[PDB]
Each structure stands twice: as C-alpha cells, then as structure tokens.
Amino acid sequence: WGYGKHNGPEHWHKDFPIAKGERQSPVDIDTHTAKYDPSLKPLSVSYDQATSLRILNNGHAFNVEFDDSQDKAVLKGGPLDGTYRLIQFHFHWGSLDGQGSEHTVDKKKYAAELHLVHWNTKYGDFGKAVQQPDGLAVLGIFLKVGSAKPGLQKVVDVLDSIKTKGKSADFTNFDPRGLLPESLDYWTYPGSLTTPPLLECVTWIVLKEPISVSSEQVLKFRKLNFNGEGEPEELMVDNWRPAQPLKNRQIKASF
Ligand SMILES: CN(C)c1cccc2c(S(N)(=O)=O)cccc12
Ligand SMILES: [Hg+2]
Ligand SMILES: [Zn+2]
C-alpha cells in the first residue's frame, strides 16, 4: 500500500476490509456540531522523562521512537482512563502548504499534522494494545506555515541522513515538549489508525490550537523519499488519508 494512484487510500479496502468500518479516521471536525462536554478532564501530559532513541524512514513517513519500557513519557486525564505511554511520533504533510493534515476543521486543511502515539499500559505492550477498543490514544497537532518552530529544528536537521526507505539514525535527547502548542484545549472521538492495518483501537485527541513552522522547515519534509536507495526517486509528499464518514459517532469538545 502507499499513497499513489494505484496503491493509495482508495485501494486499501482490498487488502484491509476494515477500511470501510464504522470508526475509521481521520474525520472532518464540524466545530458547530461538536458537543461541549463539561465532564471532560484536562489533559495531563508528562513528557519530562522522555527518552528518544532513533529516527527512521519507513517508506510512508519518518518516525521518532522512544524508550517505552517504563512510564517515562505518559499521557492521561482528558477522556482517558489509565496511563498511556508514548512510543513514537510522526507527521503527515502535503506537496503544497494548503494540504497535508489528515483531520480537517470545518473542512479546513492544514500544511501538516503531528501524531504522538501512545498505548494503554494495562495491556503490557503495544501489540496487545492494538487488540483492544481502548488500547491506543493518539494526540494530533496541526501545523500551519508561518514562523519557525525552534523545537522542530533538531528533527529537520537530521532528515538528510534518513532520506530513503529503511534508513535510520540515532536520535537521542529530543524533548517533544517543544512541539506542543500553548493551549491543551481539544476535540476527541473514537477512531482508528490512519494507515493500514487501520485498526479501530484509537481514542483520538485533536488539539484546537495549531503550531507554526516555517516554510523552510516544511520544505525539508518534502525532500524525503518513499523509495529505497538506488531506486527511482519518489518524493515523500501527500502521505495523508482523506476524511472518513463520521457514522454513528459524536465529537466532544473540552471547550
Ligand atoms: C502501528 N503503530 C505504530 C501505530 C499505532 C497508532 C497509530 C499509528 C499511525 S496513526 N496515523 O493512526 O497515528 C500511523 C502508523 C502507525 C501507528
Ligand atoms: Hg482494536
Ligand atoms: Zn499518523
């Protein structure tokens, strides 16, 4: 599978039937129909003990992996029950600044979208978590083009070393707190992974406030490759899935 004409999102259902399921992501967030829920607790993000280990190009995007062997970087509160460990974060972006995000707000598309993946610790490991309706929690953050995000530069500079599919690089001491917006106000709904296997095990938490990154920073994202070394160059752009039908789901807002 991929994001091309012959293997893109519209073809995924053939190999992964769940693509046409009841709680698929992403979705369009209609701000006017979202239900303000006063019982939603504030988000608790404890990223001070985070330990980043490696950065890798997997052929669809690049991932920054964290040591999830202990409660070092955890997420809790909000609509969540229990503790969720940060295992990795990645992005989705477009070829142009007007597209790239997976979730949209009132049909509005952002330049990119950051996903911080966490798994429910009561399940022992990520692999067991993907077998539960509440096994994962993904924190989604929109990126818009404007001023440079200082905390993103270290990621942007290492991109040269993982240009092609399969390449990885040591990436220690990265602090994800530098990618967070000022406000933790959010929207939440039950969904799925946005890439195959598209499992419906995710509690999505999409932040209302976007972070700004510069044109130069976003440009470097667009210099990565979908292909492996030695193969014809396919620029890794537009690695996002279109919005899926909300179906029988309600989007709740913490505000
Ligand atoms: C398989 N593992 C690593 C995953 C868990 C949860 C979400 C994932 C997403 S996404 N786009 O849904 O956040 C993309 C790729 C892998 C994911
Ligand atoms: Hg599941
Ligand atoms: Zn993602």
Side-chain angles (χ1 to χ4, degrees), residues 1-3 7-9 12 15-27 29 52-69 73-75 80-82 84-94 99-104 109-143 155 165 168 176 179 186-207 210-211 221 224 226 236-244 247 249:
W1 65 271
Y3 294 94
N7 61 356
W12 296 355
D15 278 300
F16 307 94
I18 197 171
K20 295 182 182 301
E22 307 299 291
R23 51 177 288 194
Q24 288 289 295
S25 302
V27 299
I29 294 172
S52 62
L53 300 169
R54 186 182 74 169
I55 186 168
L56 143 98
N57 179 337
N58 63 31
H60 355 107
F62 65 87
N63 293 175
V64 172
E65 306 158 328
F66 289 77
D67 171 13
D68 70 341
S69 62
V74 298
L75 176 63
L80 309 177
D81 295 308
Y84 286 73
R85 277 181 195 160
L86 173 65
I87 182 176
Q88 60 107 324
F89 79 69
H90 58 271
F91 297 87
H92 299 263
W93 60 94
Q99 59 181 27
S101 63
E102 297 204 298
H103 286 92
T104 49
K109 298 187 180 72
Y110 287 82
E113 185 169 328
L114 163 65
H115 293 161
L116 296 125
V117 182
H118 310 71
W119 57 275
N120 198 326
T121 62
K122 75 168 164 178
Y123 296 123
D125 64 69
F126 179 89
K128 299 303 176 307
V130 296
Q131 295 172 46
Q132 309 291 155
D134 60 337
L136 305 174
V138 185
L139 185 63
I141 301 178
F142 296 115
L143 283 62
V155 167
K165 179 178 178 56
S168 65
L179 307 170
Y186 65 89
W187 287 290
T188 182
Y189 76 94
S192 66
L193 314 194
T194 58
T195 61
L198 305 158
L199 307 173
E200 303 178 335
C201 317
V202 186
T203 286
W204 276 94
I205 299 167
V206 182
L207 303 189
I211 61 161
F221 274 22
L224 291 168
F226 274 138
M236 181 181 281
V237 290
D238 291 321
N239 52 346
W240 51 273
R241 185 194 192 185
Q244 300 310 301
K247 297 199 173 186
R249 287 177 296 172

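In listed order, ligands and their atoms are each counted from 1. Numbers for residues simply follow the sequence, beginning at 1.
Classified by interplanar angle (parallel below 30°, tilted 30° to 60°, perpendicular above 60°), the ring pair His103/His115 is perpendicular. A perpendicular orientation is assigned to the rings of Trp1 and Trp12, their planes being inclined by more than 60° (bins at 30° and 60°).
Any N or O atom pair closer than 3.5 Å counts here, and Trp204 shares no such pair with ligand 1. The shortest N or O to N or O distance between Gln88 and ligand 1 is not under 3.5 Å.
Summarising the contacts of atom 5 (C) of ligand 1 with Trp240, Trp119, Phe126, the nearest heavy atom is found in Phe126. Residue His90 holds the heavy atom nearest to atom 9 (C) of ligand 1 of all those in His118, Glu102, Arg241, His90.
Contact annotation for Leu193 and ligand 1: heavy atoms of both the backbone and the side chain come within less than 4.0 Å of the ligand. Proximity of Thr194 to ligand 1, defined as any heavy-atom pair under 4.0 Å, is shared by backbone and side chain alike.
Atoms of ligand 1 lying under 4.0 Å from at least one heavy atom of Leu136, given by number and element, are 5 (C), 6 (C). Taking every non-hydrogen atom of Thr195 and a distance limit under 4.0 Å, the qualifying atoms of ligand 1 come out as 14 (C), 15 (C). Using a 4.0 Å cut-off to heavy atoms of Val117, the atoms of ligand 1 that qualify are 5 (C), 6 (C), 7 (C), 13 (O).
A salt bridge does not link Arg241 with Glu102: every distance from a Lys NZ or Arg NE/NH1/NH2 to an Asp or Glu carboxylate oxygen is 4.0 Å or more. A salt bridge does not link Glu200 with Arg23: none of the charged nitrogens is closer than 4.0 Å to a carboxylate oxygen. One finds a salt bridge joining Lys122 and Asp134 here, because a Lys/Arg side-chain nitrogen approaches an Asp/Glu carboxylate oxygen to under 4.0 Å.
Taking a 6.0 Å sphere around NZ of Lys109, one finds it holds 12 or fewer heavy atoms contributed by other residues, nucleotides or ligands. The local environment of CG in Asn7 is crowded, with over 12 non-hydrogen atoms from other residues, nucleotides or ligands closer than 6.0 Å.
Rounded to 10 degrees, the ND1-metal-NE2 angle spanning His115 and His90 at the Zn ion (ligand 3) equals 110°.
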